[PDB]
Structure formats: C-alpha cells, structure tokens
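Peer 1: pasting the sequence and an experimental structure:
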Amino acid sequence: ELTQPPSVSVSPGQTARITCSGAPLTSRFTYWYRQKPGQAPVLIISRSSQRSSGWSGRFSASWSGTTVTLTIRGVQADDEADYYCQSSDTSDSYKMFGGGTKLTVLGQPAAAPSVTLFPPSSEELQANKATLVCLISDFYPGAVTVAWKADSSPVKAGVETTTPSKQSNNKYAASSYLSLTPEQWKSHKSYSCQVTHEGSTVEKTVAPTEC
Amino acid sequence: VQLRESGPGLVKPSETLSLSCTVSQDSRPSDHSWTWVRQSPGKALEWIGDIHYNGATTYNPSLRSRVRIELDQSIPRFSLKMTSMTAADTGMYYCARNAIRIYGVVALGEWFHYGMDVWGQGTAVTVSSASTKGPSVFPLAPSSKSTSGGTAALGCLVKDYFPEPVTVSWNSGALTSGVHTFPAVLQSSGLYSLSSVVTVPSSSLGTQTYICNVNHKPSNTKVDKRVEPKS
Amino acid sequence: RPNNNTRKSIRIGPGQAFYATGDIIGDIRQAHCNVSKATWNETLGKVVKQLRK
Amino acid sequence: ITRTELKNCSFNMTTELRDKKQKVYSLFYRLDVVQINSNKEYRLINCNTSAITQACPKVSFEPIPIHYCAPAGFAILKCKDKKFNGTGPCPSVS
Ligand SMILES: *[C@@H]1O[C@H](CO)[C@@H](O[C@@H]2O[C@H](CO)[C@@H](O[C@@H]3O[C@H](CO[C@H]4O[C@H](CO[C@H]5O[C@H](CO)[C@@H](O)[C@H](O)[C@@H]5O)[C@@H](O)[C@H](O[C@H]5O[C@H](CO)[C@@H](O)[C@H](O[C@H]6O[C@H](CO)[C@@H](O)[C@H](O)[C@@H]6O)[C@@H]5O)[C@@H]4O)[C@@H](O)[C@H](O[C@H]4O[C@H](CO)[C@@H](O)[C@H](O)[C@@H]4O[C@H]4O[C@H](CO)[C@@H](O)[C@H](O)[C@@H]4O)[C@@H]3O)[C@H](O)[C@H]2NC(C)=O)[C@H](O)[C@H]1NC(C)=O
Ligand SMILES: *[C@@H]1O[C@H](CO[C@@H]2O[C@@H](C)[C@@H](O)[C@@H](O)[C@@H]2O)[C@@H](O[C@@H]2O[C@H](CO)[C@@H](O[C@@H]3O[C@H](CO[C@H]4O[C@H](CO[C@H]5O[C@H](CO)[C@@H](O)[C@H](O)[C@@H]5O)[C@@H](O)[C@H](O)[C@@H]4O)[C@@H](O)[C@H](O[C@H]4O[C@H](CO)[C@@H](O)[C@H](O)[C@@H]4O[C@@H]4O[C@H](CO)[C@@H](O)[C@H](O)[C@H]4NC(C)=O)[C@@H]3O)[C@H](O)[C@H]2NC(C)=O)[C@H](O)[C@H]1NC(C)=O
Ligand SMILES: *[C@@H]1O[C@H](CO)[C@@H](O[C@@H]2O[C@H](CO)[C@@H](O[C@@H]3O[C@H](CO[C@H]4O[C@H](CO)[C@@H](O)[C@H](O[C@H]5O[C@H](CO[C@H]6O[C@H](CO)[C@@H](O)[C@H](O)[C@@H]6O)[C@@H](O)[C@H](O)[C@@H]5O)[C@@H]4O)[C@@H](O)[C@H](O[C@H]4O[C@H](CO)[C@@H](O)[C@H](O)[C@@H]4O)[C@@H]3O)[C@H](O)[C@H]2NC(C)=O)[C@H](O)[C@H]1NC(C)=O
Ligand SMILES: *[C@@H]1O[C@H](CO)[C@@H](O[C@@H]2O[C@H](CO)[C@@H](O[C@@H]3O[C@H](CO[C@H]4O[C@H](CO)[C@@H](O)[C@H](O)[C@@H]4O)[C@@H](O)[C@H](O)[C@@H]3O)[C@H](O)[C@H]2NC(C)=O)[C@H](O)[C@H]1NC(C)=O
Ligand SMILES: *[C@@H]1O[C@H](CO)[C@@H](O[C@@H]2O[C@H](CO)[C@@H](O[C@@H]3O[C@H](CO)[C@@H](O)[C@H](O)[C@@H]3O)[C@H](O)[C@H]2NC(C)=O)[C@H](O)[C@H]1NC(C)=O
Ligand SMILES: *[C@@H]1O[C@H](CO)[C@@H](O[C@@H]2O[C@H](CO)[C@@H](O[C@@H]3O[C@H](CO)[C@@H](O)[C@H](O)[C@@H]3O)[C@H](O)[C@H]2NC(C)=O)[C@H](O)[C@H]1NC(C)=O
Ligand SMILES: *[C@@H]1O[C@H](CO)[C@@H](O[C@@H]2O[C@H](CO)[C@@H](O[C@@H]3O[C@H](CO)[C@@H](O)[C@H](O)[C@@H]3O)[C@H](O)[C@H]2NC(C)=O)[C@H](O)[C@H]1NC(C)=O
Ligand SMILES: *[C@@H]1O[C@H](CO)[C@@H](O)[C@H](O)[C@H]1NC(C)=O
C-alpha cells in the first residue's frame, strides 16, 4: 500500500522534489521512471553497485525513514511527464505499484489553435452516408468549445467531441467530429466551424461542391 | 538488446488471453529476470510477476488465479496468461526486462536488482464483444491557393475501425519532417473514427502527392490509397 | 573471503600497535567454501558402502 | 540504509602518552561481541570471561610437516597393513 503523489508542479529552471512513502522501504530500493504519453518508460535511476546510484548529473536521490527523496537537476525544462514509483516487498516476493506524479512546467505560452478545417469531400457523397469532419488540434490547454452552427449562429445538433490527449510537446490534440446525414450536407448551409477559447479565436470554412 | 511484443491483442471476456514477447541480439538473455506490467485506461500502472530461465514462478498476489506464465529454454519466448479475470482491467500491456547484475556469488544472496532497463514496442489490449468490420480508405480533398508556399493540410482519413492500434504511414514512411495523428470517440456503435492530416511542404506537387497505409490489424491489414493531385 | 581489508595500525602505549580493520574497499561479500558436487556424491557413497557391512 | 554481520564500531584507548587518550574507529565481526543491556553500545565478548593478547603479525600460521622421531634406545613401529580395522595385530610392520 505504498503512496506516490499524482499531482505536483514546479517552475522551470528550479529544483523539484519527488517522494514515495511506504513501510516496505528497506529491501525494496526505489523505481520511478517517466512515461511520456503513449511511449515506454526509461531508467530514472539505476543501481550499478550495492552502495549508491546518483552518479549522473541530471538526477540524485536521498533516503528518509519511510519517504524517499528524488531530487532532480537545477533545470526542469523540456523534460516533463508523470513519474511513477515501484518497489518490492520484504519477502523479496511481489512488486508494489502505487501511482506517481504528473508534473507541469510554468511559463507556458498563451493558448492559440490554428489548424485547417477539412470538408467531407470525395468519397461519401459517392457512398450512402456523409462522414462529417472538422478536426481541430494544437490547443494548450483544452476547455475550448468549437460551437457548431446552423447558418451563422450555433447549434449543437448532438455531435460528438472527443477527449483531449497530450502529444508532441505537451500539447493536447483532441479533435472534434460531427456525424449527420448527407442530405443535410446539401440542404442546410455552406457550413464553417469556428473555435472559441479566449480573446482572438479564428476559424476556417469547408465549402460546398468546391470542385 | 532488441525486444518486441507478439500476439493478437484483443479478446472477449470469457476466453483466456495469451501473448508473448521476443528478445534477440541480447548478449546474455538467460540470467536476466523479467516481468510484465499493465497500464489501466485510468493511467494507473500495475505489476505482474517475474520469471527466470531458472524456472522461478512469481506474480502479483491480486492476479494469482488468472496468470500462469510459461518459458521456452530453447529460444526466448515470453508467453503470458490470464484466465478468470479479464474485463475492466483492459488497457495497454507492456513488455520489459528487469535487469540483474551480480555483487558476487549466486545462491548466496549476491545478485542485486538493476531494475527495468529495456522495454518492448508496446501493445494495447481491451475487452469488447463486437469484432472489427475494418477500415475503408477515405481522402480529404485539399485545396491550395496560388503561390508563395504557405498552408498545406492534406489528409487520408478512415472512419471505421475497432482496434485501438492505428498505424499511420504517409508514402510507406517516406516523410518524417512532419507527421500528425489524432484519436477520436466511441460514437453510438463503439467503432471509433481516427483521422490523420500530415503537414507537408506543398507549393507545386508533381507525382509526389503521398499515399496512406492502414493499420487494420485484426482484419486483412493492407489498403494503399493515394490522395488526389489537388495542389 | 572476498573482503578487501586494510591494516589500520594504532599505537597503544609506547610501542605496541593494534592492527584493526579499516573501511572495506571494493564491495562487501560473504565468505564461502566450494565443494565439488559430483566428487562429493561419490565419497558419501563409498563411505555408506563400507559402513553397511 | 538497508546481512549485517559486521559493525563499524569505535572506542577510545591508550595512546603513546598515558596522560592522553585517543578515539579511533575500527570494525569488528559478529559473535565476537554480544550486547550489554537509541545508539548501540557494545562490548568485546572476551572481556566478560578471560584476558586477550593479540597474535604477532609476522607469525606464520601455515602447518608444515613436523616429524616425530624416537629417542635413542627406542623405535617407532609403523603398520604397513592396508586394512587396519580398529586396532589389533598388524602383520606387516616396519
Ligand atoms: C567458488 O564458486 C563461486 C561461484 O561460482 C566463484 O565465486 C565468484 O562468483 C561471483 C558471482 O558469480 C563472481 O563475481 C562476479 O563475477 C562477474 C563476472 O561477470 C562476467 O560476465 C560479465 C558480463 O557482463 C557484460 O555482458 C552482459 C551480457 O552478457 C551485459 O549485460 C553487461 O552489461 C556487460 O556488458 C563480464 O563483463 C565479466 O567480464 C570479466 O571476465 C571477462 C572474461 O572474458 C574479462 O574479459 C573481463 O575483463 C577483462 O578485461 C578487463 C579490461 O582490460 C581487465 O581489466 C580484466 O582484468 C579482464 O582481463 C572481466 O574480468 C565476466 O565475464 C563480475 O563482473 C563481477 O564484478 C562486478 O561486480 C563486482 C561486485 O559488485 C565489482 O567489484 C566488479 O568490479 C564488477 O562490477 C563493478 O564495475 C563495473 C564496471 O564499470 C560497474 O559497472 C559495476 O557498477 C561495478 O562497480 C563479480 O566479480 C566471481 O567472479 C566468482 N569468482 C571468480 C574468482 O571468478 C568462486 O570463484 C569459486 N571459487 C573457487 C576458487 O573455485
Ligand atoms: C566507519 O566509521 C568511520 C568513522 O567515522 C566516525 O564518525 C564520523 C561521523 C566522523 O566524525 C569520523 O571522524 C568518525 O571517526 C568512518 O570514517 C569517517 O567517515 C566519515 C563519513 O562522513 C568521514 O566524514 C567526512 O569527513 C570529511 C573530511 O573531514 C576530515 O577532516 C576533517 C578536518 O578537515 C578539515 O579540512 C578539510 C580539508 O583539508 C575539510 O575537507 C574538512 O571538512 C575539514 O574542514 C576532520 O574533522 C574529519 O574528522 C575528517 O578527518 C568531511 O568533509 C565530510 O563532511 C561533509 O560532507 C559529508 C558528505 O561527504 C556530509 O555528510 C557532512 O555533513 C559534511 O558537510 C559539511 O562539510 C563542511 C566542510 O567544512 C563542515 O564544516 C560541516 O560541518 C559539514 N556539515 C555537518 C554539519 O556535518 C565528512 O565529515 C570521515 O572523514 C571518516 N574518517 C576520518 C578520515 O576522519 C567510515 O567512513 C565508516 N565506514 C564507512 C566505509 O562508511
Ligand atoms: C536437502 O535436499 C532436499 C532434496 O530434495 C531439499 O528439498 C528440495 O531440494 C531442492 C534442491 O534444489 C530445492 O531447490 C529448488 O527448489 C525450487 C523451488 O524453490 C522455491 O521455493 C523455495 C523455498 O522452498 C525458495 O527458496 C526458492 O527461491 C528461488 O526463487 C526465488 C524467486 O525470486 C524471484 O522472484 C522474486 C519475486 O517473487 C524476485 O524478487 C526475485 O528477484 C526473483 O526474480 C529466488 O529469489 C531464489 O534465489 C531462488 O532461486 C523458490 O521460490 C525448485 O523449483 C527447484 O527445482 C525445480 O526446477 C529445476 C530446474 O528445472 C528442476 O531440475 C527440478 O526437478 C525442479 O523441477 C529446486 O527443487 C528445494 O527448495 C528443496 N525443498 C523442497 C521443496 O523439498 C532440501 O531442501 C535440502 N535441505 C536443505 C536444508 O538444503
Ligand atoms: C558472559 O557472562 C555470561 C553470564 O555468566 C555467560 O553466560 C551465558 O552464556 C551463553 C553461551 O551461549 C550465552 O548464550 C545464551 O544462552 C542462553 C541460555 O539459556 C538456555 O537455558 C535456559 C534455561 O536455563 C533456556 O530457557 C533457554 O532456552 C536456553 O536453553 C540462551 O537462552 C540464549 O539464547 C543464548 O544462547 C548467554 O548470553 C550468556 N548469558 C546468560 C546469563 O545466559 C556468557 O557465556 C559470558 N560470555 C559470553 C557472552 O559468551
Ligand atoms: C583491494 O583494494 C586495493 C586498494 O583500493 C586495490 O589496490 C588498487 O588497485 C588498483 C587497480 O588498478 C590500483 O590502480 C589505480 O591507482 C590509481 C592511482 O591511485 C587510481 O587513480 C585508479 O583508480 C586505480 O585505483 C590502485 O593503485 C591500487 N591501490 C589503491 C591505493 O587503490 C586492490 O586492487 C584491491 N584488490 C585487489 C587485490 O585487486
Ligand atoms: C570516549 O568516548 C566516549 C563515548 O563512548 C566519550 O563519552 C561521551 O560520549 C558522548 C556521546 O554522545 C559525547 O557526546 C557529547 O555530549 C555532549 C553533552 O551531552 C554534547 O554537547 C556533544 O555535542 C556530544 O554529543 C561526549 O563528548 C563524551 N564525553 C562526555 C563529557 O560526555 C568519552 O568522553 C571519550 N573519551 C574519554 C574516555 O574521555
Ligand atoms: C576389527 O576386526 C576384528 C575382527 O577381525 C574385531 O575383533 C572382534 O570384534 C568383535 C566385535 O567388536 C568382538 O565380538 C564382541 O566382543 C565383545 C567384547 O569385546 C563382546 O562384548 C561382544 O558380545 C562380542 O562378542 C570379538 O570378540 C573381537 N575379536 C575376535 C577375535 O573376533 C575388532 O573388534 C575390530 N575392531 C578393531 C579392533 O578395529
Ligand atoms: C578449486 O579451484 C580450482 C582452480 O583451478 C578449480 O579447478 C577447482 O574446480 C575448484 N574446486 C572447487 C569445487 O572449489
């Protein structure tokens, strides 16, 4: 029943502090690792002798009664992901897992997405049903509405908007997907899907029979 | 050194699932003890047990009834099993190696753990009784203005797929300068709809308009489609 | 014994010096004695044979 | 901070001058020391029972062949019989 925090943050270019509390902290040592989203974790710190293992400059570790101290380098920039924590029971049988903290760096730029909104063109107008598309990405952070409209004023119409997910450099790229009939694609309006976060918010148009 | 997974990666809740991993070009695979881990959809990592060429059996006590691991002394095959328990826990299962160095004499307690140091390609496993109809090609039809470079969005989307894995390749992995892929949602049927637009240096394109290659892992996994020369 | 020890001489009284262990360099390990497993199984067999009669 | 078998122990002894004392940290082995009654304070096991005298460093403890030869007017009879069960009448004598 070890305890690793899951939500802490710190400013870039400053020393941080990672802990992991658990009673079976004797014959266990400490794991951590930083799994960037959708990737595989790597060695946070590795034992190459029975004495110690904080030789590399980037990271060091300290030991307390129960909580473990994962000190880190002075610069906390560019390297960010959630840091788990793992250890083994006293009987040298079992490996406990107990979460780990996702860290975010301050001083992040101001949110602004600018992707070109694609139209449903060239395959479904041949088929039975229209496949509606208005993919918006590269926002930071989320909590942005796309505001689907009827002609010049919004209407939800029950369309589906998916979940934000970080990719590349800590930038969520959820996207948004519409789903309706083809008769509506050529009976409703020319259609154009904007985005709204704060202040200046831009859009692009899909256009009808544009070829 | 190299190590990559194997197996289907999908199952119904009633039947036992069994996947494996393959290690090769390793200088010494026999002595190193390895264990498997799983990552829930709520992003909570978990531990399954160690095993050794020695023949040591150990797993997580919460999953003892389900898992029963096997070994191949000839060529390293890393089979795995999970019987009674299947649903909910379904997420991204991994392949890893729990490296071991020695501080002296084995069988004397002198074999300290190096820890996890090499991992697999990464595979995903979820439970859902629905099967896969498969993906069909679907271009996005771009439009370009006159001159001086500028914006260049061109996509080849696929609306229908059931396997969480999606393999994206623009001209069989020819362009790595810019590549982009995004996820989607379940809709009402449960077949998600993943589409990908690639940012390319487009001003005037001649017979280099780039194609798309599909995942489609559960079904026949090969459709090659070219976007229209609209540039 | 795998221990790599060091002579630490400390003068007690006028001339005498007490030679003790310093800090052990190059890891710490347990002492052991190996025995040929195949060669021992034949010796325990020859003994039980002549104890038999 | 985590088998043990040995102790990084210390004490203070006599120095070259009986007026002055000196602390030195040495090491000892388990079972050479047994507890007295925080901060562990130990004790040489021999001080409870008998004295102690360090062996000389230049003394070789390797066993070498030491013949036992008889004085004058006496002789050591050795048995040459291979199967000398117990002790009885050895027929082959030297
Ligand atoms: C009674 O029975 C017992 C039991 O059988 C016998 O007792 C002892 O048993 C011990 C435990 O088995 C054993 O102790 C260790 O021996 C290790 C030997 O390791 C061998 O394999 C290594 C493989 O690792 C590499 O490949 C891996 C994949 O294959 C890869 O994953 C890994 O990353 C590595 O790349 C080899 O590296 C290692 O090489 C040795 O032997 C080679 C033979 O070809 C030789 O070529 C090597 O060096 C040569 O060249 C160099 C450079 O010029 C010269 O300097 C050398 O003199 C030599 O010519 C090398 O000798 C083996 O094949 C040891 O590795 C291990 O030592 C490490 O750990 C100890 C304790 O922690 C350290 O003190 C030590 O310095 C080593 O690691 C430290 O340094 C490294 C280097 O940076 C650090 O990374 C690390 O963090 C540490 O700080 C142990 O010594 C005993 O050897 C064994 N006894 C004997 C005498 O052999 C007992 O002998 C029996 N008794 C009798 C009398 O019968
Ligand atoms: C087995 O046990 C033995 C015996 O250790 C015993 O207990 C320890 C606590 C110590 O008091 C021993 O004297 C005692 O016998 C172990 O052998 C000792 O191990 C310790 C481990 O810490 C060693 O301690 C380090 O000593 C470093 C150097 O100090 C030496 O010289 C001192 C006077 O010299 C002055 O000038 C020199 C430069 O010329 C400076 O380098 C030095 O700092 C002095 O200013 C003398 O008083 C000492 O006894 C010793 O002979 C010292 O630099 C280290 O202290 C630093 O760094 C540590 C981490 O490495 C850190 O933990 C300390 O807190 C400390 O940080 C600060 O450093 C400042 C420097 O000025 C100092 O002012 C602050 O006070 C200090 N912070 C505070 C507060 O603590 C260590 O103290 C010791 O040298 C070993 N024996 C010797 C040779 O004396 C043996 O290791 C054990 N086994 C094993 C293998 O572990
Ligand atoms: C007198 O002789 C009799 C002869 O019968 C002895 O009786 C048996 O003798 C055999 C002789 O080899 C013994 O040895 C072997 O036993 C294993 C099973 O042992 C497992 O359980 C024991 C406790 O009983 C435990 O000590 C072992 O530990 C091994 O594995 C652990 C696992 O750790 C791993 O996972 C953990 C996580 O859980 C990680 O943290 C860790 O890093 C690692 O990854 C290791 O840590 C240990 O170092 C050790 O390796 C085991 O858990 C059998 O499996 C052996 O034989 C079988 O396989 C071989 C190989 O294929 C095959 O040839 C053979 O036919 C078997 O199928 C072997 O039997 C028995 O323990 C012993 N006891 C029994 C059950 O009767 C008697 O003990 C002797 N008396 C004395 C005093 O020595
Ligand atoms: C230091 O002075 C001591 C007191 O004069 C010496 O006496 C004892 O010596 C033994 C030798 O092994 C030490 O080891 C302990 O022995 C006790 C004996 O208890 C046994 O009998 C009782 C009933 O009479 C029974 O209940 C127990 O189960 C035992 O069968 C053990 O109980 C301990 O576990 C341990 O083995 C003693 O520590 C030591 N002290 C005493 C008062 O027993 C000692 O020999 C002198 N020096 C040393 C330490 O060797
Ligand atoms: C037992 O411990 C002793 C002392 O540590 C070991 O002796 C050391 O062996 C090394 C082998 O390379 C010697 O070489 C080099 O010395 C230079 C200069 O001091 C140093 O910078 C290198 O890192 C390296 O140590 C070393 O001089 C020698 N003595 C010392 C003072 O360390 C010995 O090797 C160990 N066990 C045995 C018997 O091999
Ligand atoms: C020989 O070593 C012993 C210890 O085995 C010395 O006795 C006293 O040991 C304590 C242990 O903590 C020393 O600690 C000091 O305590 C004072 C007051 O509580 C504190 O202010 C210091 O910071 C330190 O913690 C103490 O110095 C030492 N002596 C006294 C007067 O208590 C003994 O002194 C050593 N040599 C001999 C036999 O004189
Ligand atoms: C070596 O082998 C000889 C035989 O060549 C043994 O001599 C005989 O040993 C047996 C058993 O020890 C004796 O029988 C017993 O004698 C005891 C009295 O000593 C008696 O209490 C028992 O009821 C039983 O009769 C036997 O008398 C003895 N002598 C002869 C002539 O057979 C000898 O013991 C073996 N051990 C040695 C000496 O290494
Ligand atoms: C002892 O060491 C020698 C060194 O050549 C080795 O040949 C022999 O097998 C060893 N015996 C054992 C079992 O310790």
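Peer 2: Nice, thanks for sending it over. Numbers count the residues shown, from 1 in each chain, chains lettered A, B, ... in the order given. Ligands and ions are numbered 1, 2, ... in the order given.
Peer 1: can you say which helix or strand has the closest residue to residue A:154 other than its chain neighbours in it?
Peer 2: Nearest residue to residue A:154, sequence neighbours excluded (CB to CB, 6 or more residues apart in numbering or on different chains): residue A:147, at 4.4 Å. C-betas here are computed from N, CA, C, even on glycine. Using DSSP states H and E, residue A:147 sits within no helix or strand.
Peer 1: am I right that residue A:183 is in a helix?
Peer 2: Yes: applying DSSP: H, G, I helix; E, B strand; the rest coil, one finds residue A:183 inside a helix.
Peer 1: distance of the residue in chain B that ligand 2 sits nearest to from residue A:95?
Peer 2: Closest residue of chain B to ligand 2, CB to the nearest ligand atom: residue B:103 (15.8 Å). Taking CB to CB, to the nearest Å as the measure, residue B:103 and residue A:95 are separated by 20 Å.
Peer 1: which of these two has more neighbours?
Peer 2: The neighbour comparison of residue B:103 against residue A:95 (other CB atoms under 10 Å in any protein chain shown) goes to residue A:95, with 23 against 16.
Peer 1: please report the distance of the more buried one from residue B:37.
Peer 2: Taking CB to CB, one finds residue A:95 at 9 Å from residue B:37.
Peer 1: intersection of neighbour lists for those two?
Peer 2: residue B:47 (CB atoms under 8 Å, 6 or more residues apart in numbering or on different chains).
Peer 1: can you give me the neighbour number for the closest residue to residue A:109 other than its chain neighbours?
Peer 2: In this structure, residue A:109 finds its nearest non-sequential neighbour in residue A:140, 7.3 Å apart by CB to CB, 6+ apart. By other CB under 10 Å, 19 other residues sit near residue A:140.
Peer 1: just the one 4 residues further on next, same as before
Peer 2: The number of residues packed near residue A:144 is 21, by other CB under 10 Å.
Peer 1: contacts only, for the closest residue to it other than its chain neighbours.
Peer 2: In space, and not counting its chain neighbours, residue A:144 is closest to residue A:197: 4.4 Å by CB to CB, 6+ apart. By CB under 8 Å, 6+ apart, the residues touching residue A:197 are A:111, A:112, A:113, A:139, A:143, A:144.
Peer 1: what number of residues lie near the residue nearest to residue A:208 when sequence neighbours are not counted?
Peer 2: Excluding its sequence neighbours, the residue lying closest to residue A:208 (CB to CB, 6+ apart) is residue A:190, at 5.5 Å. Look at residue A:190: counted by other CB under 10 Å, it has 11 neighbours.
Peer 1: would you check that residue A:190 makes contact with residue A:205?
Peer 2: Yes: using CB atoms under 8 Å, residue A:190 makes contact with residue A:205 at a distance of 7.1 Å.
Peer 1: residues of the helix or strand containing residue D:7 that come out buried?
Peer 2: Per DSSP H and E: residue D:7 is located in strand D:6-14. Using 16 or more other CB atoms under 10 Å in any protein chain shown as the test for burial, strand D:6-14 gives D:9, D:14.
Peer 1: what lies in contact with it?
Peer 2: C:10, C:12-13, C:18, D:21-30, D:33, D:42.
Peer 1: related to what we said a few turns ago, list the contacts of the residue nearest to residue A:109.
Peer 2: A:108, A:109, A:111, A:170, A:171, A:172.
Peer 1: for it, give its distance to ligand 8.
Peer 2: 65 Å (CB to the nearest ligand atom, to the nearest Å).
Peer 1: what's the answer for residue B:22, then?
Peer 2: Relative to ligand 8, and taking CB to the nearest ligand atom, residue B:22 is found at 37 Å.
Peer 1: wait, that residue touches residue B:7, no?
Peer 2: No: using CB under 8 Å, residue B:22 makes no contact with residue B:7, being 10.5 Å away.
Peer 1: since we're on residue A:126, how many residues are nearby?
Peer 2: There are 6 residues near residue A:126, going by other CB under 10 Å.
Peer 1: endpoints of stretch D:82-91, how far apart?
Peer 2: 10 Å (CA to CA, to the nearest Å).
Peer 1: that one vs chain C: in contact?
Peer 2: No: Stretch D:82-91 lies apart from chain C when judged by CB under 8 Å from any CB of the partner chain; the minimum separation is 10.1 Å.
Peer 1: so how far is that stretch off the chain centroid?
Peer 2: 36 Å (CA atoms, centre = their mean, to the nearest Å).
Peer 1: just stretch A:86-100 next, same as before
Peer 2: 27 Å.
Peer 1: who's in contact with it?
Peer 2: A:1-6, A:20, A:22, A:24-33, A:82-85, B:35, B:37, B:44-47, B:50, B:58, B:60-61, B:113.
Peer 1: of those residues, buried ones?
Peer 2: A:2, A:4-5, A:20, A:22, A:24-25, A:28-33, A:82-85, B:35, B:37, B:44-47, B:50, B:58, B:60, B:113.
Peer 1: what residues are up against residue 27?
Peer 2: Since no chain was named, I'll use chain A. A:88, A:89, A:90, A:92, D:2.
Peer 1: my bad, chain C
Peer 2: Contacts of residue C:27 by CB under 8 Å, 6+ apart are A:49, A:50, B:103, B:104, C:2.
Peer 1: one more time with 6 Å
Peer 2: residue B:103 (CB atoms under 6 Å, 6 or more residues apart in numbering or on different chains).
Peer 1: distance of it from ligand 8?
Peer 2: For residue C:27, the distance to ligand 8 - CB to the nearest ligand atom - is 21 Å.
Peer 1: what of residue B:197?
Peer 2: Counting by CB to the nearest ligand atom, the gap from residue B:197 to ligand 8 is 68 Å.
Peer 1: burial check on that residue, number of neighbours?
Peer 2: Around residue B:197 there are 23 residues (other CB under 10 Å).
Peer 1: now it. Nearest residue, chain neighbours left out?
Peer 2: residue B:155 (3.6 Å).
Peer 1: quick one: the residue nearest in space to the middle of chain D from residue A:48, how far?
Peer 2: In chain D, the residue lying closest to the centroid (CA atoms, centre = their mean) is residue D:55, at 8.7 Å. Noted for residue D:55: a distance of 39 Å to residue A:48, by CB to CB.
Peer 1: show me the contacts for the closest residue to chain B within chain C.
Peer 2: Residue nearest to chain B within chain C: residue C:29 (4.3 Å; CB to the nearest CB). Taking CB under 6 Å, 6+ apart, we find residue C:29 in contact with B:104, C:2.
Peer 1: measure it to residue C:3 for me?
Peer 2: 7 Å.
Peer 1: same check on residue A:110?
Peer 2: Relative to residue C:3, and taking CB to CB, residue A:110 is found at 63 Å.
Peer 1: more neighbours: which of those two?
Peer 2: residue C:3 (14 against 9).
Peer 1: residues in contact with that one?
Peer 2: residue C:24 are the contacts of residue C:3 under CB under 6 Å, 6+ apart.
Peer 1: near chain A, which residues of chain D?
Peer 2: D:1, D:2 (CB under 6 Å from any CB of the partner chain).
Peer 1: where do the strands sit along the chain?
Peer 2: No chain specified, so I'll use chain A. A:18-20, A:34-35, A:62-63, A:68-70, A:82-83, A:86-88, A:95-97, A:101-102, A:160-161, A:166-167, A:171-172, A:176-177, A:192-194, A:203-205 (DSSP state E).
Peer 1: the intended chain is chain B.
Peer 2: Under DSSP E, chain B gives strands at B:2-5, B:10-11, B:21-24, B:34-39, B:45-51, B:92-93, B:96-100, B:113-119, B:126-127, B:153-155, B:169-170, B:197-199, B:211-213, B:224-226.
Peer 1: out of those, which is closest to residue D:38?
Peer 2: strand B:113-119 (32.5 Å; CB to CB).
Peer 1: show me what the closest one is packed against.
Peer 2: strand B:96-100 (3 or more CB pairs under 6 Å, 6 or more residues apart in numbering or on different chains; DSSP states H and E).
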